[PDB]
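Reviewing the structure listed below.
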Amino acid sequence: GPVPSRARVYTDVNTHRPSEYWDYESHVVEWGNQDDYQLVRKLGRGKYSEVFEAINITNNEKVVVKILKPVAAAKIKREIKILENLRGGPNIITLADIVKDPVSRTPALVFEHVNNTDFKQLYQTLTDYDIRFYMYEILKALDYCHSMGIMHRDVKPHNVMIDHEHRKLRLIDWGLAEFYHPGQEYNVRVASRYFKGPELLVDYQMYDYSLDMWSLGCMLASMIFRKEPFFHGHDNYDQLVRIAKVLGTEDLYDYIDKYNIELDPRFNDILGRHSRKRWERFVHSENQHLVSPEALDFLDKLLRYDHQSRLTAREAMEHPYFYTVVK
Ligand SMILES: NC(=O)c1cc(CNCCCCOCCNc2nc3cc(C(N)=O)ccc3c3cnccc23)cc(OC(F)(F)F)c1
């Protein structure tokens with residue numbers, strides 16, 4: 001059967017921390033006062049919740065309220081405990097309160113509000129310097145949560161808020177986040193399709209923080225190459241084929257063989273034989289200003305099949321690509 005795997009960093013953070021830290025089911029939620037918040041406007045709806053812009057009438061400040069749908073109402077302690085554990089950490093969204101909505105009768109998480117600087121075009125007109133700057137900001141959040149024994153498991157543009165006017169970044173939506181325990185088998189049905197790591201696509205459950213680093217690599221490739229999304233799969237199976245057309249099938253088979261992973265036989269009729277492509281294949285006159293030898297070297301060290309061979313968030317922060325960023 002499958003060969004076991006463990007993270008090469010922060011392997012034992014949860015083991016040596018008290019059980020109070022990671023035992024989210026034992027956590028006692030302290031309930032705030034719903035009367036402090038007035039909903040202002042709908043910001044979006046997902047499969048398990050709805051998010052609204054709101055005002056805290058006790059201080060006149062804007063907040064964002066996530067109202068859980070009755071189905072996900074029982075599963076809130078994991079997200080609450082992760083948010084409390086990470087509160088105050090660099091670029092992590094702040095959980096301001098937890099109240100019970102009077103209409104839905106379900107839990108509502110109240111978050112810090114970030115001034116949005118429009119996503120219709122603003123995150124397409126980012127300069128090469130801005131890309132490095134914001135990528136370093138995301139790395140601070142990921143190294144922090146990984147150092148705290150938490151994997152985000154849903155890194156994607158929709159979960160990265162940017163107030164470009166104040167150069168402020170927050171990593172949001174910790175609803176899929178989980179505590180890392182070495183040897184634990186996790187659900188592979190996490191992350192959005194275009195950002196799923198090869199470990200999820202091949203059904204390898206013993207993954208770790210390095211899943212976030214693959215997702216970060218997908219984001220970086222899309223920004224520097226202006227190809228959104230970078231790996232544009234039609235479904236979860238075609239997603240792996242899209243990846244194999246870039247990284248090649250030989251390294252994919254080396255990966256599955258290393259961990260004694262048997263590929264889903266449905267891949268036999270779609271995978272084919274592909275060589276590893278050189279990164280300069282994706283460079284053209286319209287993206288060359290965002291590309292540099294440092295960007296390609298960095299991207300190459302994130303987008304690797306072997307989850308154990310990718311740069312960790314701390315190693316990524318040491319990379320030459322970030323030398324030009326003012327620290
Ligand atoms: N490739 C690219 O195009 C791209 C695009 C972006 C921009 N993405 C914006 C996505 C907006 C999605 O809005 C969701 C609705 N609004 C809010 N939702 C919340 C949910 C929670 C929560 N559930 O935890 C908590 C708080 C808030 C919150 C708070 N203040 C205001 C509004 C909200 C960045 C990028 O990253 C980069 F790489 F660094 F550059 C790349």
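Order determines the names: the first chain of the structure tokens is A, the second B, and so forth; residues in each chain are numbered 1 upward, and ligands are numbered 1 upward as they are shown.
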Any chance you could list, as a compact mmCIF listing (two decimals) with N, CA and C atoms, in the first residue's frame, the residues in region 154-285 of chain A that come up alpha helix (DSSP H) when DSSP is run on the backbone?
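The result, written out as part-v9.txt:
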# COMPACT_ATOMS: atom_id res chain seq x y z
N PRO A 198 -0.67 17.99 -6.89
CA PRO A 198 -0.71 16.61 -7.45
C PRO A 198 -1.05 15.56 -6.40
N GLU A 199 -0.64 15.77 -5.13
CA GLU A 199 -0.99 14.81 -4.07
C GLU A 199 -2.51 14.60 -3.94
N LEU A 200 -3.30 15.68 -4.06
CA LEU A 200 -4.76 15.56 -4.00
C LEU A 200 -5.30 14.84 -5.26
N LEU A 201 -4.76 15.20 -6.42
CA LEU A 201 -5.23 14.66 -7.70
C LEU A 201 -4.94 13.18 -7.88
N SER A 210 3.13 21.48 2.69
CA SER A 210 3.65 21.70 1.33
C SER A 210 2.53 21.82 0.26
N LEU A 211 1.32 21.37 0.58
CA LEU A 211 0.16 21.55 -0.31
C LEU A 211 -0.05 23.06 -0.57
N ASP A 212 0.11 23.90 0.50
CA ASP A 212 -0.07 25.36 0.34
C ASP A 212 0.97 25.95 -0.61
N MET A 213 2.16 25.38 -0.60
CA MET A 213 3.27 25.86 -1.42
C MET A 213 3.04 25.56 -2.91
N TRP A 214 2.39 24.42 -3.22
CA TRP A 214 1.99 24.14 -4.61
C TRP A 214 0.96 25.20 -5.04
N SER A 215 -0.09 25.43 -4.21
CA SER A 215 -1.11 26.43 -4.51
C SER A 215 -0.48 27.81 -4.74
N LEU A 216 0.50 28.19 -3.90
CA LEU A 216 1.20 29.47 -4.06
C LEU A 216 1.92 29.53 -5.42
N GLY A 217 2.53 28.41 -5.81
CA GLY A 217 3.22 28.28 -7.09
C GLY A 217 2.25 28.50 -8.25
N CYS A 218 1.01 27.96 -8.13
CA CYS A 218 0.00 28.18 -9.17
C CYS A 218 -0.34 29.65 -9.30
N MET A 219 -0.44 30.34 -8.17
CA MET A 219 -0.74 31.76 -8.17
C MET A 219 0.39 32.54 -8.82
N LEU A 220 1.63 32.23 -8.45
CA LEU A 220 2.79 32.91 -8.98
C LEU A 220 2.88 32.74 -10.50
N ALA A 221 2.72 31.51 -11.00
CA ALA A 221 2.80 31.25 -12.44
C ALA A 221 1.77 32.07 -13.22
N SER A 222 0.55 32.15 -12.71
CA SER A 222 -0.50 32.93 -13.35
C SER A 222 -0.12 34.43 -13.40
N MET A 223 0.46 34.94 -12.32
CA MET A 223 0.78 36.39 -12.27
C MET A 223 1.94 36.71 -13.21
N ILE A 224 3.06 35.99 -13.11
CA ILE A 224 4.25 36.34 -13.91
C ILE A 224 4.09 35.99 -15.40
N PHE A 225 3.28 34.98 -15.72
CA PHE A 225 3.06 34.63 -17.13
C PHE A 225 1.79 35.24 -17.74
N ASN A 236 -11.18 17.30 -12.24
CA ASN A 236 -10.04 16.88 -11.42
C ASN A 236 -9.07 15.97 -12.15
N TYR A 237 -9.53 15.24 -13.17
CA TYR A 237 -8.68 14.31 -13.90
C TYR A 237 -7.88 15.07 -14.94
N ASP A 238 -8.57 15.92 -15.71
CA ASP A 238 -7.91 16.75 -16.70
C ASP A 238 -6.94 17.74 -16.02
N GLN A 239 -7.17 18.10 -14.74
CA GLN A 239 -6.26 18.98 -14.00
C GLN A 239 -4.86 18.34 -13.93
N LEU A 240 -4.81 17.01 -13.64
CA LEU A 240 -3.52 16.34 -13.58
C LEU A 240 -2.85 16.28 -14.96
N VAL A 241 -3.65 16.09 -16.03
CA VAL A 241 -3.11 16.04 -17.38
C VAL A 241 -2.51 17.40 -17.75
N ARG A 242 -3.20 18.51 -17.39
CA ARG A 242 -2.71 19.89 -17.65
C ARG A 242 -1.35 20.09 -16.99
N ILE A 243 -1.21 19.62 -15.75
CA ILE A 243 0.05 19.71 -15.01
C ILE A 243 1.14 18.86 -15.70
N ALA A 244 0.79 17.62 -16.11
CA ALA A 244 1.72 16.71 -16.79
C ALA A 244 2.21 17.25 -18.13
N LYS A 245 1.41 18.09 -18.80
CA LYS A 245 1.88 18.70 -20.05
C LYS A 245 2.97 19.76 -19.83
N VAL A 246 3.15 20.21 -18.57
CA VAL A 246 4.19 21.18 -18.23
C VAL A 246 5.38 20.50 -17.54
N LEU A 247 5.12 19.74 -16.44
CA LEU A 247 6.16 19.09 -15.68
C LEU A 247 6.63 17.74 -16.24
N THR A 249 5.53 13.61 -17.80
CA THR A 249 5.01 12.39 -17.20
C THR A 249 6.10 11.58 -16.49
N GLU A 250 7.38 11.62 -16.94
CA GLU A 250 8.42 10.82 -16.26
C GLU A 250 8.53 11.13 -14.76
N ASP A 251 8.57 12.43 -14.40
CA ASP A 251 8.66 12.83 -12.98
C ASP A 251 7.36 12.51 -12.22
N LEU A 252 6.21 12.51 -12.91
CA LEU A 252 4.94 12.13 -12.29
C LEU A 252 4.99 10.65 -11.90
N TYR A 253 5.48 9.79 -12.82
CA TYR A 253 5.59 8.37 -12.50
C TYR A 253 6.64 8.11 -11.43
N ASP A 254 7.74 8.89 -11.41
CA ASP A 254 8.77 8.79 -10.37
C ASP A 254 8.12 9.12 -9.00
N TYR A 255 7.28 10.16 -8.97
CA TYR A 255 6.55 10.59 -7.78
C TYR A 255 5.61 9.49 -7.25
N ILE A 256 4.68 8.98 -8.10
CA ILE A 256 3.76 7.95 -7.67
C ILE A 256 4.51 6.67 -7.26
N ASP A 257 5.63 6.34 -7.93
CA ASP A 257 6.41 5.15 -7.57
C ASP A 257 7.09 5.31 -6.21
N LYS A 258 7.63 6.51 -5.92
CA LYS A 258 8.29 6.80 -4.64
C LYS A 258 7.35 6.56 -3.48
Per-residue nearest contacts of chain A to ligand 1 (8 Å; only C-alpha atoms and all ligand atoms) as a tab-separated table:
residue	atom	partner	partner_atom_place_in_ligand_line	distance
A:43	CA	ligand 1	15 (C)	5.3
A:44	CA	ligand 1	15 (C)	6.0
A:51	CA	ligand 1	18 (N)	6.4
A:52	CA	ligand 1	16 (N)	7.7
A:53	CA	ligand 1	32 (C)	7.0
A:63	CA	ligand 1	30 (N)	6.9
A:64	CA	ligand 1	29 (C)	5.4
A:65	CA	ligand 1	25 (C)	7.7
A:66	CA	ligand 1	23 (N)	6.0
A:93	CA	ligand 1	25 (C)	6.2
A:94	CA	ligand 1	25 (C)	7.9
A:95	CA	ligand 1	25 (C)	8.0
A:110	CA	ligand 1	25 (C)	7.9
A:111	CA	ligand 1	25 (C)	5.3
A:112	CA	ligand 1	29 (C)	5.9
A:113	CA	ligand 1	30 (N)	3.5
A:114	CA	ligand 1	30 (N)	3.8
A:115	CA	ligand 1	31 (C)	6.1
A:116	CA	ligand 1	31 (C)	6.3
A:118	CA	ligand 1	9 (C)	7.9
A:119	CA	ligand 1	7 (C)	5.8
A:122	CA	ligand 1	3 (O)	8.0
A:123	CA	ligand 1	3 (O)	4.6
A:124	CA	ligand 1	3 (O)	6.1
A:126	CA	ligand 1	40 (F)	7.7
A:130	CA	ligand 1	40 (F)	7.9
A:131	CA	ligand 1	40 (F)	6.1
A:134	CA	ligand 1	39 (F)	4.5
A:135	CA	ligand 1	39 (F)	5.3
A:137	CA	ligand 1	39 (F)	7.6
A:138	CA	ligand 1	39 (F)	6.5
A:156	CA	ligand 1	41 (C)	7.5
A:157	CA	ligand 1	4 (C)	4.3
A:158	CA	ligand 1	10 (C)	3.9
A:159	CA	ligand 1	10 (C)	5.8
A:160	CA	ligand 1	34 (C)	4.9
A:161	CA	ligand 1	9 (C)	4.7
A:162	CA	ligand 1	7 (C)	5.8
A:169	CA	ligand 1	39 (F)	7.4
A:171	CA	ligand 1	24 (O)	7.9
A:172	CA	ligand 1	24 (O)	4.2
A:173	CA	ligand 1	24 (O)	3.4
A:174	CA	ligand 1	24 (O)	5.8
A:175	CA	ligand 1	23 (N)	7.2
A:219	CA	ligand 1	1 (N)	6.0
A:220	CA	ligand 1	38 (F)	6.7
A:222	CA	ligand 1	1 (N)	6.5
A:223	CA	ligand 1	1 (N)	5.8
A:228	CA	ligand 1	1 (N)	7.5
Query raised in the report: From the list A:269, A:203, A:36, A:128, which residue is nearest residue 55 (chain A) when using only C-alpha atoms?
Result: A:36
**Report entry** CA of residue 180 (chain A) to CA of residue 207 (chain A), distance in Å rounded to a single decimal
**Finding:**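 Interatomic distance here is 9.0 Å.
Shell of residue 71 (chain A) at 10 Å, with only C-alpha atoms counted and residues fewer than 4 places along the chain excluded, is residues 47, 48, 49, 75 and 106 of chain A.
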Include C-alpha atoms and write out the residues we just selected as a PDB file, in the first residue's frame.
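Saved to result.pdb:
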ATOM      1  CA  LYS A  47     -21.896  26.435  -0.579  1.00  0.00           C
ATOM      2  CA  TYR A  48     -21.794  26.599   3.255  1.00  0.00           C
ATOM      3  CA  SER A  49     -22.193  30.319   4.116  1.00  0.00           C
ATOM      4  CA  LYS A  75     -18.774  22.418  12.098  1.00  0.00           C
ATOM      5  CA  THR A 106     -26.742  29.751  13.040  1.00  0.00           C
TER       6      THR A 106
END
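When the distance limit is 10 Å and only C-alpha atoms are what count, the residues near residue 322 (chain A), minus those fewer than 3 positions from it on the same chain, are residues 129, 131, 132, 133, 135, 136, 294, 295, 298, 316, 317, 318, 319, 325, 326 and 327 of chain A.
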Deliver the residues from the most recent selection as a file, using N, CA, C and O atoms, as a tab-separated table (two decimals), in the first residue's frame.
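Dumped to again_9.tsv:
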chain	number	residue	atom	x	y	z
A	129	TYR	N	7.58	44.58	-9.27
A	129	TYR	CA	7.92	44.86	-7.88
A	129	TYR	C	6.76	44.49	-6.95
A	129	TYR	O	6.98	43.80	-5.95
A	131	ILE	N	4.34	42.31	-7.41
A	131	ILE	CA	4.19	40.85	-7.36
A	131	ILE	C	5.13	40.25	-6.31
A	131	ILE	O	4.68	39.54	-5.42
A	132	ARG	N	6.41	40.66	-6.33
A	132	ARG	CA	7.37	40.19	-5.34
A	132	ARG	C	6.94	40.62	-3.92
A	132	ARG	O	6.99	39.82	-2.99
A	133	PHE	N	6.53	41.87	-3.76
A	133	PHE	CA	6.12	42.45	-2.50
A	133	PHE	C	4.96	41.65	-1.87
A	133	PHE	O	5.07	41.19	-0.72
A	135	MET	N	3.83	38.62	-2.78
A	135	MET	CA	4.18	37.22	-2.59
A	135	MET	C	4.95	37.02	-1.28
A	135	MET	O	4.72	36.04	-0.57
A	136	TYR	N	5.80	37.99	-0.91
A	136	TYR	CA	6.53	37.93	0.36
A	136	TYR	C	5.55	38.08	1.54
A	136	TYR	O	5.64	37.34	2.52
A	294	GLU	N	15.31	34.97	-11.63
A	294	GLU	CA	15.01	34.69	-10.22
A	294	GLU	C	13.57	34.18	-10.07
A	294	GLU	O	13.34	33.22	-9.32
A	295	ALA	N	12.61	34.79	-10.81
A	295	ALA	CA	11.20	34.38	-10.79
A	295	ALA	C	11.06	32.94	-11.29
A	295	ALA	O	10.37	32.13	-10.67
A	298	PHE	N	12.60	30.44	-8.75
A	298	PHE	CA	11.71	30.33	-7.60
A	298	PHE	C	10.48	29.47	-7.95
A	298	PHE	O	10.20	28.47	-7.28
A	316	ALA	N	11.42	29.63	0.98
A	316	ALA	CA	10.99	30.55	-0.07
A	316	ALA	C	11.36	32.01	0.28
A	316	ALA	O	11.86	32.75	-0.57
A	317	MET	N	11.17	32.39	1.56
A	317	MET	CA	11.53	33.77	1.99
A	317	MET	C	13.03	34.09	1.87
A	317	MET	O	13.40	35.26	1.78
A	318	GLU	N	13.88	33.05	1.87
A	318	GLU	CA	15.34	33.18	1.69
A	318	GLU	C	15.71	33.33	0.18
A	318	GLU	O	16.87	33.64	-0.13
A	319	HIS	N	14.77	33.09	-0.75
A	319	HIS	CA	15.09	33.09	-2.20
A	319	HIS	C	15.51	34.43	-2.79
A	319	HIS	O	14.86	35.45	-2.53
A	325	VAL	N	13.00	43.29	-2.73
A	325	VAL	CA	11.91	43.77	-1.88
A	325	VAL	C	12.46	44.43	-0.62
A	325	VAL	O	13.24	43.81	0.09
A	326	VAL	N	12.04	45.68	-0.35
A	326	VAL	CA	12.47	46.40	0.84
A	326	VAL	C	11.96	45.71	2.07
A	326	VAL	O	10.74	45.48	2.19
A	327	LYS	N	12.86	45.38	2.99
A	327	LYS	CA	12.52	44.74	4.26
A	327	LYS	C	13.01	45.61	5.39
A	327	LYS	O	14.22	45.94	5.38
Query - region 143-147 of chain A surroundings by only C-alpha atoms, 9 Å radius, close-in-sequence under 4 positions cut, as a list in words - result: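 Using only C-alpha atoms, the neighbours found are residues 9, 10, 13, 86, 89, 90, 92, 138, 139, 151, 152, 180, 209, 312, 313, 314 and 317 of chain A.
The nearest approach to residue 248 (chain A) among the residues A:305, A:186, A:230, A:267, with only C-alpha atoms taken into account, belongs to A:305.
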Query - Residues of region 50-100 of chain A in strand (DSSP E), written as a VMD selection string - result: chain A and resid 50 to 56 61 to 68 95 to 100
Preceding selection exported with N, CA and C atoms as a PDB file, in the first residue's frame:
ATOM      1  N   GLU A  50     -22.727  32.664   3.792  1.00  0.00           N
ATOM      2  CA  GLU A  50     -22.906  33.929   3.107  1.00  0.00           C
ATOM      3  C   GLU A  50     -22.101  34.975   3.874  1.00  0.00           C
ATOM      4  N   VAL A  51     -21.476  35.906   3.165  1.00  0.00           N
ATOM      5  CA  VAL A  51     -20.665  36.942   3.773  1.00  0.00           C
ATOM      6  C   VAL A  51     -21.272  38.316   3.485  1.00  0.00           C
ATOM      7  N   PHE A  52     -21.321  39.176   4.513  1.00  0.00           N
ATOM      8  CA  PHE A  52     -21.873  40.508   4.401  1.00  0.00           C
ATOM      9  C   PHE A  52     -20.940  41.554   4.942  1.00  0.00           C
ATOM     10  N   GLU A  53     -20.970  42.743   4.332  1.00  0.00           N
ATOM     11  CA  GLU A  53     -20.305  43.904   4.906  1.00  0.00           C
ATOM     12  C   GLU A  53     -21.266  44.349   6.019  1.00  0.00           C
ATOM     13  N   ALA A  54     -20.730  44.804   7.145  1.00  0.00           N
ATOM     14  CA  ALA A  54     -21.536  45.180   8.292  1.00  0.00           C
ATOM     15  C   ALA A  54     -20.877  46.332   9.091  1.00  0.00           C
ATOM     16  N   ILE A  55     -21.600  46.908  10.071  1.00  0.00           N
ATOM     17  CA  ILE A  55     -21.079  47.960  10.925  1.00  0.00           C
ATOM     18  C   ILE A  55     -21.198  47.488  12.361  1.00  0.00           C
ATOM     19  N   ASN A  56     -20.128  47.666  13.144  1.00  0.00           N
ATOM     20  CA  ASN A  56     -20.188  47.392  14.570  1.00  0.00           C
ATOM     21  C   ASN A  56     -20.704  48.735  15.111  1.00  0.00           C
ATOM     22  N   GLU A  61     -17.186  51.037  13.309  1.00  0.00           N
ATOM     23  CA  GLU A  61     -16.223  50.481  12.360  1.00  0.00           C
ATOM     24  C   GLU A  61     -16.854  49.451  11.458  1.00  0.00           C
ATOM     25  N   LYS A  62     -16.335  49.339  10.235  1.00  0.00           N
ATOM     26  CA  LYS A  62     -16.826  48.339   9.304  1.00  0.00           C
ATOM     27  C   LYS A  62     -16.247  46.989   9.708  1.00  0.00           C
ATOM     28  N   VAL A  63     -17.062  45.940   9.576  1.00  0.00           N
ATOM     29  CA  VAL A  63     -16.667  44.562   9.836  1.00  0.00           C
ATOM     30  C   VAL A  63     -17.261  43.678   8.693  1.00  0.00           C
ATOM     31  N   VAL A  64     -16.845  42.414   8.611  1.00  0.00           N
ATOM     32  CA  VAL A  64     -17.419  41.480   7.646  1.00  0.00           C
ATOM     33  C   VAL A  64     -17.972  40.295   8.436  1.00  0.00           C
ATOM     34  N   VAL A  65     -19.239  39.916   8.221  1.00  0.00           N
ATOM     35  CA  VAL A  65     -19.872  38.822   8.944  1.00  0.00           C
ATOM     36  C   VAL A  65     -20.085  37.631   8.017  1.00  0.00           C
ATOM     37  N   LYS A  66     -19.623  36.432   8.415  1.00  0.00           N
ATOM     38  CA  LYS A  66     -19.849  35.202   7.673  1.00  0.00           C
ATOM     39  C   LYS A  66     -20.936  34.464   8.414  1.00  0.00           C
ATOM     40  N   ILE A  67     -22.105  34.327   7.811  1.00  0.00           N
ATOM     41  CA  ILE A  67     -23.230  33.624   8.403  1.00  0.00           C
ATOM     42  C   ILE A  67     -23.281  32.224   7.825  1.00  0.00           C
ATOM     43  N   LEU A  68     -23.106  31.246   8.690  1.00  0.00           N
ATOM     44  CA  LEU A  68     -23.099  29.859   8.275  1.00  0.00           C
ATOM     45  C   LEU A  68     -24.475  29.348   7.918  1.00  0.00           C
ATOM     46  N   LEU A  95     -10.143  37.606  13.657  1.00  0.00           N
ATOM     47  CA  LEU A  95     -11.508  37.230  14.032  1.00  0.00           C
ATOM     48  C   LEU A  95     -11.886  38.195  15.184  1.00  0.00           C
ATOM     49  N   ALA A  96     -12.834  39.111  14.937  1.00  0.00           N
ATOM     50  CA  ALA A  96     -13.231  40.114  15.927  1.00  0.00           C
ATOM     51  C   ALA A  96     -14.312  39.601  16.904  1.00  0.00           C
ATOM     52  N   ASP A  97     -15.229  38.738  16.441  1.00  0.00           N
ATOM     53  CA  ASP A  97     -16.300  38.232  17.326  1.00  0.00           C
ATOM     54  C   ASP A  97     -16.976  36.966  16.769  1.00  0.00           C
ATOM     55  N   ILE A  98     -17.759  36.277  17.615  1.00  0.00           N
ATOM     56  CA  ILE A  98     -18.541  35.096  17.247  1.00  0.00           C
ATOM     57  C   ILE A  98     -19.931  35.332  17.851  1.00  0.00           C
ATOM     58  N   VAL A  99     -20.970  35.479  17.025  1.00  0.00           N
ATOM     59  CA  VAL A  99     -22.345  35.733  17.519  1.00  0.00           C
ATOM     60  C   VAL A  99     -23.344  34.731  16.875  1.00  0.00           C
ATOM     61  N   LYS A 100     -24.619  34.671  17.355  1.00  0.00           N
ATOM     62  CA  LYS A 100     -25.631  33.809  16.736  1.00  0.00           C
ATOM     63  C   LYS A 100     -26.567  34.712  15.939  1.00  0.00           C
TER      64      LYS A 100
END
Query - Residue nearest residue 302 (chain A) among A:109, A:315, A:59, A:287 (counting only C-alpha atoms) - result: A:315
Requested in this report: Go through A:235, A:163, A:297, A:262 one by one, measure the shortest atom-to-atom distance of each to residue 1 (chain A) using only C-alpha atoms, and give the residue with the smallest value.
Outcome: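 Checking each of A:235, A:163, A:297, A:262 against residue 1 (chain A), counting only C-alpha atoms, the winner is A:262.
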**Report entry** Å distance separating CA of residue 103 (chain A) from CA of residue 69 (chain A), one decimal place
**Finding:**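 Atom-to-atom, CA of residue 103 (chain A) and CA of residue 69 (chain A) are spaced 11.3 Å apart.
From CA of residue 27 (chain A) back to CA of residue 191 (chain A), the distance works out to 25.6 Å.
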